[PDB]
Protein chains: 2
Amino acid sequence: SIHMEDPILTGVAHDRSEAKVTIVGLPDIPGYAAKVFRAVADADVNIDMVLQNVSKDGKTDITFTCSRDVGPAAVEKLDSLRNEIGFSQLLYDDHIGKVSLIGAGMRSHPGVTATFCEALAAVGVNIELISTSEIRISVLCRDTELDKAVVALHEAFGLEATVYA
Amino acid sequence: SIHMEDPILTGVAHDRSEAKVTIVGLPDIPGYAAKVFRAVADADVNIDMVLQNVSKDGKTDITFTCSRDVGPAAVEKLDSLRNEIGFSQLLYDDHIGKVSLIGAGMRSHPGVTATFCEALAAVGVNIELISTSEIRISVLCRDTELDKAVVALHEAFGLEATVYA
Ligand SMILES: C[C@@H](O)[C@H](N)C(=O)O
Ligand SMILES: C[C@@H](O)[C@H](N)C(=O)O
């Protein structure tokens with residue numbers, strides 16, 4: 001029923017079934033993200049997280065996650081289009097764990113982002129990728145570390161919905 | 001009341017009030033994301049998007065957005081901690097527009113990510129940064145281009161809640 005000034009934290013979700021594909025060296029000009037995502041959609045591949053940060057104007061990288069089971073079809077589809085897309089490498093990592101703090105009103109609580117990263121750091125978990133929104137802080141880590149990341153996060157946030165002050 | 005197999009699209013949100021801070025060359029080992037976010041939280045700065053993609057193990061970059069009005073205090077706070085954080089540069093861009101497609105159940109619809117990027121590309125908008133989740137596809141673009149990005153997205157998605165097939 002909670003589904004207010006402080007964030008609402010509802011759980012720690014954990015996913016062992018994804019792979020990360022990174023398109024490296026994409027021209028940073030209009031229509032290149034489109035080529036990548038249409039190609040992946042054309043091959044009927046379902047993507048989860050997508051991230052594209054700051055560029056080297058110039059060239060940049062695009063990472064997305066998808067199911068391990070379709071990871072190779074996505075990479076093959078993309079490479080079949082290397083000329084049109086113009087990338088220099090594709091990176092593939094099928095040994096990722098995805099761990100998220102799930103919630104609502106999680107925005108402008110950097111203090112919450114910090115607490116998340118401190119708890120993983122306290123148990124030696126390296127954060128490979130971060131994406132946030134209103135409803136989730138998600139990070140990738142080695143799938144081996146996923147268990148302790150989940151326990152760390154439970155402890156750090158006291159986790160039934162929680163209003164976290 | 002809509003708040004199902006196809007995504008729900010509810011609007012195009014547009015924001016001219018943010019700046020993007022990128023921490024460049026952060027050691028990619030446990031506890032560095034923590035240092036950055038605690039420092040920003042210690043200075044009482046409210047962050048919105050956060051992104052950290054694939055690294056150069058090694059070193060990596062962390063981008064976040066915040067209000068233009070506190071952008072310089074955040075950069076100053078971070079630089080006051082350059083020794084402890086270990087970064088090589090901070091990039092600051094206070095001329096960003098943030099444009100998002102807002103929704104629900106937006107995951108595993110790459111076809112939707114593609115449609116978003118095609119509409120911006122059709123009107124010449126360069127995508128500088130992308131972050132997605134269940135409830136939003138957000139991109140940064142030049143704040144000059146924000147108007148046409150918003151119109152493009154309205155057209156492309158036919159936008160009152162919409163169930164988009
Ligand atoms: C890199 C990719 O996002 C490119 N800037 C585009 O607009 O398509
Ligand atoms: C780069 C930063 O995310 C680092 N990997 C950490 O775990 O703190």
# chains A, B, ... in the order shown; residues from 1 in each chain; ligands from 1
>>> residues_around(residues="residue 81 in chain B", least_positions_apart="4", cutoff="12 Å", atoms="only C-alpha atoms", output="ChimeraX atom specification")
/B:23,32,35-40,42-43,74-77,85-88,90
>>> closest_atom_pairs(of="chain A", to="ligand 1", cutoff="9 Å", atoms="only C-alpha atoms and all ligand atoms", output="tab-separated table")
residue	atom	partner	partner_atom_place_in_ligand_line	distance
A:25	CA	ligand 1	1 (C)	8.7
A:26	CA	ligand 1	1 (C)	5.8
A:27	CA	ligand 1	1 (C)	5.9
A:28	CA	ligand 1	5 (N)	4.0
A:29	CA	ligand 1	5 (N)	4.4
A:30	CA	ligand 1	7 (O)	3.7
A:31	CA	ligand 1	8 (O)	3.8
A:32	CA	ligand 1	8 (O)	3.6
A:33	CA	ligand 1	8 (O)	3.8
A:34	CA	ligand 1	8 (O)	5.7
A:35	CA	ligand 1	8 (O)	7.6
A:36	CA	ligand 1	8 (O)	8.7
A:52	CA	ligand 1	3 (O)	7.0
A:55	CA	ligand 1	1 (C)	8.0
A:57	CA	ligand 1	5 (N)	7.6
A:58	CA	ligand 1	1 (C)	9.0
A:59	CA	ligand 1	1 (C)	7.0
A:60	CA	ligand 1	1 (C)	5.6
A:61	CA	ligand 1	1 (C)	6.8
A:62	CA	ligand 1	1 (C)	7.0
>>> closest_atom_pairs(of="chain A", to="chain B", cutoff="8 Å", atoms="only C-alpha atoms", output="JSON lines")
{"residue": "A:22", "atom": "CA", "partner": "B:54", "partner_atom": "CA", "distance": 7.6}
{"residue": "A:28", "atom": "CA", "partner": "B:126", "partner_atom": "CA", "distance": 7.5}
{"residue": "A:29", "atom": "CA", "partner": "B:126", "partner_atom": "CA", "distance": 5.7}
{"residue": "A:30", "atom": "CA", "partner": "B:126", "partner_atom": "CA", "distance": 4.6}
{"residue": "A:31", "atom": "CA", "partner": "B:121", "partner_atom": "CA", "distance": 4.6}
{"residue": "A:33", "atom": "CA", "partner": "B:117", "partner_atom": "CA", "distance": 6.1}
{"residue": "A:34", "atom": "CA", "partner": "B:117", "partner_atom": "CA", "distance": 4.8}
{"residue": "A:35", "atom": "CA", "partner": "B:114", "partner_atom": "CA", "distance": 7.7}
{"residue": "A:36", "atom": "CA", "partner": "B:114", "partner_atom": "CA", "distance": 7.9}
{"residue": "A:37", "atom": "CA", "partner": "B:114", "partner_atom": "CA", "distance": 4.7}
{"residue": "A:38", "atom": "CA", "partner": "B:114", "partner_atom": "CA", "distance": 5.1}
{"residue": "A:40", "atom": "CA", "partner": "B:110", "partner_atom": "CA", "distance": 7.0}
{"residue": "A:41", "atom": "CA", "partner": "B:111", "partner_atom": "CA", "distance": 5.1}
{"residue": "A:42", "atom": "CA", "partner": "B:111", "partner_atom": "CA", "distance": 8.0}
{"residue": "A:45", "atom": "CA", "partner": "B:110", "partner_atom": "CA", "distance": 7.4}
{"residue": "A:46", "atom": "CA", "partner": "B:108", "partner_atom": "CA", "distance": 4.2}
{"residue": "A:47", "atom": "CA", "partner": "B:108", "partner_atom": "CA", "distance": 4.8}
{"residue": "A:48", "atom": "CA", "partner": "B:107", "partner_atom": "CA", "distance": 5.6}
{"residue": "A:49", "atom": "CA", "partner": "B:132", "partner_atom": "CA", "distance": 6.1}
{"residue": "A:50", "atom": "CA", "partner": "B:132", "partner_atom": "CA", "distance": 5.7}
{"residue": "A:51", "atom": "CA", "partner": "B:131", "partner_atom": "CA", "distance": 5.0}
{"residue": "A:52", "atom": "CA", "partner": "B:130", "partner_atom": "CA", "distance": 4.9}
{"residue": "A:53", "atom": "CA", "partner": "B:129", "partner_atom": "CA", "distance": 5.0}
{"residue": "A:54", "atom": "CA", "partner": "B:129", "partner_atom": "CA", "distance": 6.5}
{"residue": "A:55", "atom": "CA", "partner": "B:128", "partner_atom": "CA", "distance": 7.7}
{"residue": "A:63", "atom": "CA", "partner": "B:53", "partner_atom": "CA", "distance": 7.1}
{"residue": "A:107", "atom": "CA", "partner": "B:48", "partner_atom": "CA", "distance": 5.6}
{"residue": "A:108", "atom": "CA", "partner": "B:46", "partner_atom": "CA", "distance": 4.2}
{"residue": "A:109", "atom": "CA", "partner": "B:46", "partner_atom": "CA", "distance": 6.3}
{"residue": "A:110", "atom": "CA", "partner": "B:41", "partner_atom": "CA", "distance": 5.3}
{"residue": "A:111", "atom": "CA", "partner": "B:41", "partner_atom": "CA", "distance": 5.1}
{"residue": "A:113", "atom": "CA", "partner": "B:37", "partner_atom": "CA", "distance": 6.4}
{"residue": "A:114", "atom": "CA", "partner": "B:37", "partner_atom": "CA", "distance": 4.7}
{"residue": "A:115", "atom": "CA", "partner": "B:34", "partner_atom": "CA", "distance": 7.4}
{"residue": "A:116", "atom": "CA", "partner": "B:34", "partner_atom": "CA", "distance": 7.9}
{"residue": "A:117", "atom": "CA", "partner": "B:34", "partner_atom": "CA", "distance": 4.8}
{"residue": "A:118", "atom": "CA", "partner": "B:34", "partner_atom": "CA", "distance": 5.1}
{"residue": "A:120", "atom": "CA", "partner": "B:30", "partner_atom": "CA", "distance": 7.7}
{"residue": "A:121", "atom": "CA", "partner": "B:31", "partner_atom": "CA", "distance": 4.6}
{"residue": "A:122", "atom": "CA", "partner": "B:31", "partner_atom": "CA", "distance": 7.6}
{"residue": "A:124", "atom": "CA", "partner": "B:30", "partner_atom": "CA", "distance": 5.9}
{"residue": "A:125", "atom": "CA", "partner": "B:30", "partner_atom": "CA", "distance": 6.0}
{"residue": "A:126", "atom": "CA", "partner": "B:30", "partner_atom": "CA", "distance": 4.6}
{"residue": "A:127", "atom": "CA", "partner": "B:30", "partner_atom": "CA", "distance": 6.9}
{"residue": "A:128", "atom": "CA", "partner": "B:54", "partner_atom": "CA", "distance": 6.7}
{"residue": "A:129", "atom": "CA", "partner": "B:53", "partner_atom": "CA", "distance": 5.0}
{"residue": "A:130", "atom": "CA", "partner": "B:52", "partner_atom": "CA", "distance": 4.9}
{"residue": "A:131", "atom": "CA", "partner": "B:51", "partner_atom": "CA", "distance": 5.0}
{"residue": "A:132", "atom": "CA", "partner": "B:50", "partner_atom": "CA", "distance": 5.7}
{"residue": "A:133", "atom": "CA", "partner": "B:49", "partner_atom": "CA", "distance": 6.6}
>>> write_last_selection(atoms="N, CA and C atoms", output="short mmCIF file (atom, residue, chain, number, x, y, z; two decimals), in the first residue's frame")
data_model
loop_
_atom_site.label_atom_id
_atom_site.label_comp_id
_atom_site.auth_asym_id
_atom_site.auth_seq_id
_atom_site.Cartn_x
_atom_site.Cartn_y
_atom_site.Cartn_z
N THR A 22 28.89 -4.33 -24.44
CA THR A 22 29.32 -2.93 -24.64
C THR A 22 29.78 -2.77 -26.12
N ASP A 28 29.83 9.39 -32.13
CA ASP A 28 29.01 10.22 -31.29
C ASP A 28 28.26 11.31 -32.09
N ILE A 29 27.48 10.90 -33.07
CA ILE A 29 26.70 11.80 -33.89
C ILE A 29 25.30 11.22 -34.09
N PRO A 30 24.31 12.07 -34.49
CA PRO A 30 22.95 11.59 -34.47
C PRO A 30 22.69 10.32 -35.27
N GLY A 31 21.84 9.46 -34.70
CA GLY A 31 21.41 8.22 -35.33
C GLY A 31 22.20 6.97 -35.06
N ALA A 33 22.93 5.66 -31.83
CA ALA A 33 22.17 4.86 -30.77
C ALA A 33 21.01 4.10 -31.43
N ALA A 34 20.31 4.81 -32.32
CA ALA A 34 19.24 4.21 -33.09
C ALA A 34 19.67 2.97 -33.84
N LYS A 35 20.81 3.03 -34.53
CA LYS A 35 21.23 1.84 -35.31
C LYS A 35 21.39 0.65 -34.37
N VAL A 36 22.07 0.87 -33.24
CA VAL A 36 22.36 -0.19 -32.28
C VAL A 36 21.03 -0.75 -31.77
N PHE A 37 20.13 0.13 -31.29
CA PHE A 37 18.91 -0.42 -30.68
C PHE A 37 17.90 -1.06 -31.63
N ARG A 38 17.81 -0.54 -32.86
CA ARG A 38 16.98 -1.16 -33.89
C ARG A 38 17.50 -2.55 -34.29
N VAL A 40 19.30 -4.58 -32.42
CA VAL A 40 19.00 -5.49 -31.32
C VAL A 40 17.49 -5.84 -31.27
N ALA A 41 16.64 -4.84 -31.49
CA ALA A 41 15.18 -5.06 -31.53
C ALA A 41 14.81 -5.94 -32.75
N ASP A 42 15.50 -5.75 -33.90
CA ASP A 42 15.23 -6.53 -35.11
C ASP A 42 15.50 -8.00 -34.90
N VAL A 45 15.69 -9.37 -29.46
CA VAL A 45 16.42 -9.47 -28.20
C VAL A 45 15.86 -8.48 -27.19
N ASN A 46 15.54 -8.97 -26.01
CA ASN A 46 14.98 -8.09 -24.97
C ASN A 46 16.03 -7.43 -24.08
N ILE A 47 16.26 -6.14 -24.22
CA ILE A 47 17.25 -5.53 -23.33
C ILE A 47 16.70 -4.98 -21.99
N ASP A 48 17.49 -5.11 -20.93
CA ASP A 48 17.20 -4.55 -19.65
C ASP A 48 17.91 -3.16 -19.42
N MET A 49 19.09 -3.10 -18.77
CA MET A 49 19.66 -1.80 -18.50
C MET A 49 20.29 -1.31 -19.78
N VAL A 50 20.28 0.01 -20.02
CA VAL A 50 21.09 0.63 -21.04
C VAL A 50 21.86 1.83 -20.50
N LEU A 51 23.15 1.97 -20.84
CA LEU A 51 23.90 3.10 -20.29
C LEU A 51 24.77 3.71 -21.32
N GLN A 52 24.82 5.04 -21.44
CA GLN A 52 25.82 5.62 -22.33
C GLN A 52 26.26 6.85 -21.61
N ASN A 53 27.56 6.94 -21.28
CA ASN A 53 28.07 8.03 -20.46
C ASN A 53 28.78 9.00 -21.44
N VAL A 54 29.44 10.01 -20.87
CA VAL A 54 30.41 10.94 -21.53
C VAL A 54 31.31 10.30 -22.60
N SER A 55 31.55 11.02 -23.69
CA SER A 55 32.38 10.53 -24.84
C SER A 55 33.90 10.90 -24.82
N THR A 63 26.50 0.54 -23.40
CA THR A 63 26.38 -0.75 -22.75
C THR A 63 24.92 -1.07 -22.52
N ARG A 107 15.33 9.71 -5.46
CA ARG A 107 16.06 10.83 -6.10
C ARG A 107 16.43 11.94 -5.10
N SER A 108 17.48 12.72 -5.40
CA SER A 108 18.07 13.69 -4.43
C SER A 108 18.32 13.13 -3.01
N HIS A 109 18.59 11.83 -2.93
CA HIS A 109 19.15 11.26 -1.72
C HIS A 109 20.49 10.64 -2.10
N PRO A 110 21.45 11.49 -2.57
CA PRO A 110 22.85 11.11 -2.68
C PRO A 110 23.31 10.35 -1.45
N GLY A 111 22.72 10.71 -0.28
CA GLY A 111 23.13 10.10 0.97
C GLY A 111 22.81 8.66 0.86
N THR A 113 22.57 6.95 -2.25
CA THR A 113 23.62 6.40 -3.15
C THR A 113 24.94 6.10 -2.41
N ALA A 114 25.33 7.01 -1.55
CA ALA A 114 26.59 6.81 -0.78
C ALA A 114 26.50 5.62 0.12
N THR A 115 25.39 5.51 0.85
CA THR A 115 25.23 4.36 1.76
C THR A 115 25.30 3.01 1.04
N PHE A 116 24.67 2.93 -0.13
CA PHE A 116 24.74 1.78 -1.00
C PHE A 116 26.18 1.41 -1.35
N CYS A 117 26.98 2.41 -1.79
CA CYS A 117 28.32 2.13 -2.26
C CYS A 117 29.24 1.84 -1.08
N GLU A 118 28.95 2.42 0.08
CA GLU A 118 29.77 2.13 1.28
C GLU A 118 29.61 0.70 1.78
N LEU A 120 28.75 -1.98 -0.02
CA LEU A 120 29.37 -2.93 -0.93
C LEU A 120 30.88 -2.82 -0.69
N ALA A 121 31.39 -1.60 -0.58
CA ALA A 121 32.84 -1.39 -0.35
C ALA A 121 33.28 -2.04 0.98
N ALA A 122 32.47 -1.94 2.01
CA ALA A 122 32.79 -2.55 3.31
C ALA A 122 33.02 -4.06 3.20
N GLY A 124 34.20 -5.49 0.37
CA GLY A 124 35.11 -5.76 -0.74
C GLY A 124 34.45 -5.96 -2.09
N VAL A 125 33.19 -5.55 -2.28
CA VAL A 125 32.55 -5.76 -3.61
C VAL A 125 32.95 -4.58 -4.50
N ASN A 126 33.58 -4.88 -5.63
CA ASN A 126 33.85 -3.86 -6.68
C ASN A 126 32.60 -3.59 -7.55
N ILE A 127 32.28 -2.32 -7.67
CA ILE A 127 31.13 -1.91 -8.53
C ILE A 127 31.63 -1.67 -9.95
N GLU A 128 31.11 -2.46 -10.88
CA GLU A 128 31.47 -2.41 -12.28
C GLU A 128 30.65 -1.44 -13.12
N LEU A 129 29.41 -1.17 -12.69
CA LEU A 129 28.51 -0.32 -13.44
C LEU A 129 27.43 0.17 -12.45
N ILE A 130 26.98 1.42 -12.63
CA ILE A 130 25.90 1.95 -11.78
C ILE A 130 24.91 2.65 -12.70
N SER A 131 23.60 2.46 -12.44
CA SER A 131 22.54 3.20 -13.08
C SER A 131 21.47 3.42 -11.95
N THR A 132 21.02 4.67 -11.81
CA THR A 132 19.94 4.96 -10.86
C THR A 132 18.71 5.55 -11.50
N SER A 133 17.63 5.43 -10.74
CA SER A 133 16.45 6.20 -10.97
C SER A 133 15.64 6.37 -9.62
#
>>> select_by_dssp(residues="chain B", states="strand (DSSP E or B)", output="short mmCIF file (atom, residue, chain, number, x, y, z; two decimals) with N, CA, C and O atoms, in the first residue's frame")
data_model
loop_
_atom_site.label_atom_id
_atom_site.label_comp_id
_atom_site.auth_asym_id
_atom_site.auth_seq_id
_atom_site.Cartn_x
_atom_site.Cartn_y
_atom_site.Cartn_z
N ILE B 8 3.42 1.06 -20.77
CA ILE B 8 2.63 2.24 -20.58
C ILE B 8 3.47 3.52 -20.67
O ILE B 8 4.36 3.74 -19.84
N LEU B 9 3.16 4.38 -21.64
CA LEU B 9 3.77 5.70 -21.76
C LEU B 9 2.80 6.82 -21.24
O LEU B 9 1.66 6.93 -21.76
N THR B 10 3.26 7.64 -20.28
CA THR B 10 2.46 8.66 -19.59
C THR B 10 2.84 10.11 -19.95
O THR B 10 2.01 11.04 -19.83
N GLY B 11 4.07 10.33 -20.45
CA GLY B 11 4.44 11.67 -20.84
C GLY B 11 5.91 11.80 -21.29
O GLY B 11 6.63 10.81 -21.33
N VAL B 12 6.27 13.02 -21.70
CA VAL B 12 7.63 13.37 -22.04
C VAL B 12 7.92 14.49 -21.08
O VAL B 12 7.24 15.55 -21.11
N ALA B 13 8.89 14.25 -20.19
CA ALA B 13 9.31 15.21 -19.19
C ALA B 13 10.58 15.90 -19.73
O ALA B 13 11.36 15.29 -20.51
N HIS B 14 10.77 17.18 -19.41
CA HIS B 14 11.87 17.94 -20.02
C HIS B 14 12.47 18.91 -18.98
O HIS B 14 11.73 19.58 -18.21
N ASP B 15 13.80 18.94 -18.86
CA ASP B 15 14.36 19.65 -17.72
C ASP B 15 15.59 20.41 -18.16
O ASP B 15 16.55 19.84 -18.75
N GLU B 18 19.35 21.36 -14.91
CA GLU B 18 20.44 20.51 -14.40
C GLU B 18 21.84 20.81 -15.00
O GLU B 18 21.92 21.29 -16.09
N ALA B 19 22.91 20.42 -14.29
CA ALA B 19 24.25 20.39 -14.91
C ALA B 19 24.74 18.92 -14.76
O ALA B 19 24.16 18.21 -13.91
N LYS B 20 25.71 18.49 -15.59
CA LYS B 20 26.33 17.17 -15.55
C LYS B 20 27.78 17.28 -15.00
O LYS B 20 28.60 18.11 -15.55
N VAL B 21 28.08 16.56 -13.92
CA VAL B 21 29.45 16.49 -13.40
C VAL B 21 30.02 15.09 -13.72
O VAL B 21 29.37 14.04 -13.42
N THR B 22 31.21 15.01 -14.38
CA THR B 22 31.86 13.71 -14.61
C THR B 22 33.22 13.71 -13.86
O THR B 22 34.07 14.68 -14.03
N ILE B 23 33.38 12.68 -13.01
CA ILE B 23 34.58 12.35 -12.33
C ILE B 23 35.33 11.38 -13.23
O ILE B 23 34.93 10.24 -13.42
N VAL B 24 36.44 11.87 -13.78
CA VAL B 24 37.22 11.17 -14.78
C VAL B 24 38.45 10.52 -14.19
O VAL B 24 39.21 11.16 -13.44
N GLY B 25 38.65 9.25 -14.51
CA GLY B 25 39.84 8.52 -14.06
C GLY B 25 39.82 8.07 -12.60
O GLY B 25 40.83 8.14 -11.87
N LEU B 26 38.67 7.57 -12.15
CA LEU B 26 38.53 7.13 -10.74
C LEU B 26 39.13 5.75 -10.63
O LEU B 26 38.81 4.88 -11.44
N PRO B 27 40.00 5.49 -9.62
CA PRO B 27 40.35 4.09 -9.54
C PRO B 27 39.13 3.13 -9.47
O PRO B 27 38.16 3.34 -8.71
N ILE B 47 21.77 14.89 -5.79
CA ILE B 47 21.95 14.38 -7.16
C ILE B 47 20.73 13.67 -7.79
O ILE B 47 19.99 12.93 -7.10
N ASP B 48 20.55 13.85 -9.09
CA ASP B 48 19.56 13.18 -9.86
C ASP B 48 20.11 11.90 -10.59
O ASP B 48 20.16 10.84 -10.01
N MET B 49 20.51 11.99 -11.88
CA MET B 49 20.93 10.77 -12.54
C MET B 49 22.34 10.46 -12.07
O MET B 49 23.07 11.40 -11.78
N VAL B 50 22.68 9.17 -11.97
CA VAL B 50 24.06 8.74 -11.82
C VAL B 50 24.42 7.64 -12.81
O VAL B 50 23.64 6.68 -12.98
N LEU B 51 25.59 7.72 -13.46
CA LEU B 51 25.92 6.68 -14.43
C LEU B 51 27.34 6.27 -14.31
O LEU B 51 28.16 7.16 -14.16
N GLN B 52 27.65 4.98 -14.34
CA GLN B 52 29.07 4.60 -14.41
C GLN B 52 29.08 3.41 -15.31
O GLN B 52 28.34 2.45 -15.05
N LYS B 59 40.96 2.16 -14.23
CA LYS B 59 40.28 3.41 -13.88
C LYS B 59 38.98 3.59 -14.67
O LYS B 59 38.84 3.05 -15.78
N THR B 60 38.02 4.32 -14.08
CA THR B 60 36.77 4.51 -14.79
C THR B 60 36.19 5.90 -14.50
O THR B 60 36.83 6.68 -13.79
N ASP B 61 35.05 6.24 -15.14
CA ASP B 61 34.40 7.50 -14.94
C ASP B 61 33.00 7.32 -14.28
O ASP B 61 32.37 6.30 -14.53
N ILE B 62 32.59 8.33 -13.52
CA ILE B 62 31.28 8.46 -12.86
C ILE B 62 30.70 9.80 -13.17
O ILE B 62 31.35 10.82 -12.91
N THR B 63 29.52 9.79 -13.80
CA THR B 63 28.80 11.00 -14.11
C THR B 63 27.55 11.08 -13.25
O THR B 63 26.92 10.05 -13.06
N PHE B 64 27.21 12.26 -12.77
CA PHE B 64 25.92 12.48 -12.13
C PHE B 64 25.36 13.80 -12.58
O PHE B 64 26.16 14.71 -13.09
N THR B 65 24.02 13.98 -12.48
CA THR B 65 23.48 15.29 -12.73
C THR B 65 23.01 15.87 -11.44
O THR B 65 22.65 15.12 -10.50
N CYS B 66 22.97 17.21 -11.37
CA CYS B 66 22.43 17.91 -10.21
C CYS B 66 21.86 19.28 -10.67
O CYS B 66 21.84 19.58 -11.86
N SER B 67 21.31 20.08 -9.76
CA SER B 67 20.85 21.40 -10.19
C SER B 67 22.06 22.24 -10.63
O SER B 67 23.10 22.17 -9.96
N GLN B 89 40.49 14.26 -13.89
CA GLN B 89 39.80 15.48 -14.29
C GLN B 89 38.38 15.54 -13.66
O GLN B 89 37.82 14.47 -13.37
N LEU B 90 37.77 16.73 -13.57
CA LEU B 90 36.28 16.77 -13.40
C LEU B 90 35.77 17.52 -14.63
O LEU B 90 36.37 18.58 -15.02
N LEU B 91 34.75 16.98 -15.30
CA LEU B 91 34.14 17.69 -16.38
C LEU B 91 32.85 18.28 -15.89
O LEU B 91 32.09 17.63 -15.04
N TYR B 92 32.57 19.50 -16.36
CA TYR B 92 31.37 20.19 -15.95
C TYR B 92 30.66 20.75 -17.17
O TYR B 92 31.32 21.37 -18.07
N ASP B 93 29.35 20.45 -17.29
CA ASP B 93 28.59 20.91 -18.48
C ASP B 93 27.28 21.49 -17.97
O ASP B 93 26.44 20.72 -17.46
N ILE B 96 23.14 21.44 -20.42
CA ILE B 96 22.46 20.21 -20.82
C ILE B 96 20.93 20.36 -20.76
O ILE B 96 20.42 21.04 -19.88
N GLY B 97 20.24 19.73 -21.71
CA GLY B 97 18.80 19.45 -21.52
C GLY B 97 18.62 17.97 -21.22
O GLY B 97 19.30 17.16 -21.80
N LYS B 98 17.75 17.65 -20.27
CA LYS B 98 17.40 16.29 -19.91
C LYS B 98 15.97 16.01 -20.43
O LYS B 98 15.00 16.72 -20.04
N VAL B 99 15.82 15.00 -21.29
CA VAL B 99 14.49 14.69 -21.88
C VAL B 99 14.23 13.24 -21.65
O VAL B 99 15.12 12.35 -21.92
N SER B 100 13.04 12.97 -21.10
CA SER B 100 12.73 11.63 -20.80
C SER B 100 11.35 11.22 -21.35
O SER B 100 10.41 12.04 -21.32
N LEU B 101 11.22 9.96 -21.74
CA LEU B 101 9.92 9.32 -21.95
C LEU B 101 9.58 8.62 -20.62
O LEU B 101 10.39 7.81 -20.08
N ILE B 102 8.43 9.00 -20.02
CA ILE B 102 8.01 8.52 -18.68
C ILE B 102 6.91 7.47 -18.87
O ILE B 102 6.04 7.62 -19.73
N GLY B 103 6.88 6.49 -18.02
CA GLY B 103 6.08 5.32 -18.34
C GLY B 103 6.13 4.32 -17.26
O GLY B 103 6.50 4.63 -16.14
N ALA B 104 5.80 3.10 -17.61
CA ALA B 104 5.85 1.97 -16.74
C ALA B 104 5.92 0.77 -17.66
O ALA B 104 5.57 0.84 -18.86
N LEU B 129 24.02 11.27 -23.47
CA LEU B 129 24.02 10.33 -22.36
C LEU B 129 22.64 9.63 -22.37
O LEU B 129 21.63 10.26 -22.75
N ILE B 130 22.63 8.35 -22.01
CA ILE B 130 21.36 7.61 -21.92
C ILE B 130 21.39 6.82 -20.61
O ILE B 130 22.42 6.19 -20.26
N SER B 131 20.24 6.80 -19.90
CA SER B 131 20.04 5.94 -18.75
C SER B 131 18.54 5.50 -18.85
O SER B 131 17.65 6.34 -19.13
N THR B 132 18.30 4.19 -18.73
CA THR B 132 16.93 3.68 -18.69
C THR B 132 16.57 2.96 -17.42
O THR B 132 17.41 2.51 -16.60
N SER B 133 15.27 2.87 -17.23
CA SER B 133 14.70 1.94 -16.30
C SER B 133 13.22 1.58 -16.74
O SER B 133 12.75 1.92 -17.84
N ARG B 136 11.36 4.99 -17.10
CA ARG B 136 11.84 6.13 -17.85
C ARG B 136 13.03 5.76 -18.77
O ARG B 136 13.81 4.86 -18.46
N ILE B 137 13.00 6.37 -19.94
CA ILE B 137 14.17 6.48 -20.82
C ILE B 137 14.57 7.94 -20.72
O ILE B 137 13.81 8.85 -21.13
N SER B 138 15.75 8.22 -20.14
CA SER B 138 16.24 9.62 -20.07
C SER B 138 17.50 9.81 -20.91
O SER B 138 18.40 8.92 -20.85
N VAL B 139 17.61 10.94 -21.63
CA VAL B 139 18.87 11.20 -22.41
C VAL B 139 19.22 12.64 -22.08
O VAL B 139 18.32 13.44 -21.64
N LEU B 140 20.50 12.97 -22.18
CA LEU B 140 20.87 14.39 -22.16
C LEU B 140 21.14 14.80 -23.57
O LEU B 140 21.63 13.98 -24.41
N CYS B 141 20.79 16.06 -23.87
CA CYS B 141 21.16 16.62 -25.17
C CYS B 141 21.51 18.09 -24.92
O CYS B 141 21.49 18.55 -23.76
N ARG B 142 21.97 18.79 -25.95
CA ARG B 142 22.19 20.24 -25.77
C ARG B 142 20.88 20.92 -25.38
O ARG B 142 19.82 20.56 -25.90
N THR B 162 -0.91 6.12 -22.26
CA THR B 162 -0.97 5.41 -23.51
C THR B 162 -0.39 4.00 -23.30
O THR B 162 0.64 3.86 -22.63
N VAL B 163 -1.01 2.98 -23.85
CA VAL B 163 -0.45 1.63 -23.90
C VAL B 163 0.09 1.49 -25.30
O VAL B 163 -0.62 1.65 -26.30
#
